[PDB]
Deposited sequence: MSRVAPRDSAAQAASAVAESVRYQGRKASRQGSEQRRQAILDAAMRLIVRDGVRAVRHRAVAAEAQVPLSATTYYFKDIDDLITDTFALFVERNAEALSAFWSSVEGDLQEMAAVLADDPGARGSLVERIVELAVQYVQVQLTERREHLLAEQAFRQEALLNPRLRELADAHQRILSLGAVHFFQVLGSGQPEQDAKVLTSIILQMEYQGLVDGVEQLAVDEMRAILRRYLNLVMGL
């Protein structure tokens, strides 16, 4: 918990004053502890390990929350292939609701993910984590496309990932009062219609 405060403090600094303001002093400052209590690069690495872990856990929770819906959708399609049009309506609403909650409720976590991504480029110590991270992102989308009978579930999962990351970034730039929720729906819908043959 001592450990976790420090990490959490390093995080806040990262959101606020960027990566470059993570030093032991500014950090021990921020977590409210002595210097010693707080290898600056081990701290940075741990911080971004935590950010990755929280994203991974929230995405697990998300996929877990729609597991039942995905199960019902697959049964509906087995009885009635003509239900594709209908399914996509459901999928798009669930997806945009995902992004919305991320961009409103989890803004600082997303902001910390943007700092990590920016950082991974410059830091060889972080390329390990960053490939762990891009492999985690696509892999939930994979079961979703497989469950729906997509022709190429791995490539669809990557395209999906690409679209959602850009939507997230653009929502962070637009801000919470001006989310382009109908544009997000249209973009997602165009892609998913195509996957489904519509």
Report summary line: Residues of the deposited sequence that never got C-alpha coordinates are 1-34, 73-77
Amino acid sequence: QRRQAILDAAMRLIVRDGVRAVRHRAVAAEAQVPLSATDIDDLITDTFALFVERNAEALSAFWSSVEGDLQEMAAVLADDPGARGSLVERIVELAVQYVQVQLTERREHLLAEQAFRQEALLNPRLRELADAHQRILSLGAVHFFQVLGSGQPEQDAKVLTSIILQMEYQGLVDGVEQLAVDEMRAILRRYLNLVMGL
From here on, numbers count along this sequence of modelled residues.
Query raised in the report: Should the higher mean CA B-factor in the entry be assigned to 178-186 or to 5-13?
Result: 5-13
Query raised in the report: What stretch has the higher average Cα B-factor here, 153-161 or 135-143?
Result: 135-143
Query raised in the report: Per the coordinate record, which of the options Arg84, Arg117, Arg90, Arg107 holds the highest CA temperature factor?
Result: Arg117
Requested in this report: Using the entry's values, work out which of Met167, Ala56, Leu129, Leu70 has the largest Cα B factor.
Outcome: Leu129
Query raised in the report: What third of the chain, by the recorded C-alpha B-factor, contains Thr38?
Result: highest
Query raised in the report: Once the chain's modelled residues are ordered by C-alpha B factor and cut into thirds, is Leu198 in the lowest, middle or highest one?
Result: highest
Query raised in the report: Of the three thirds of its chain by CA temperature factor, lowest, middle or highest, which one includes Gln102?
Result: middle
Query raised in the report: What third of its chain, lowest, middle or highest, does the C-alpha temperature factor of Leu94 fall into?
Result: lowest
**Report entry** Chain thirds of CA B-factor: placement of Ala78
**Finding:** middle
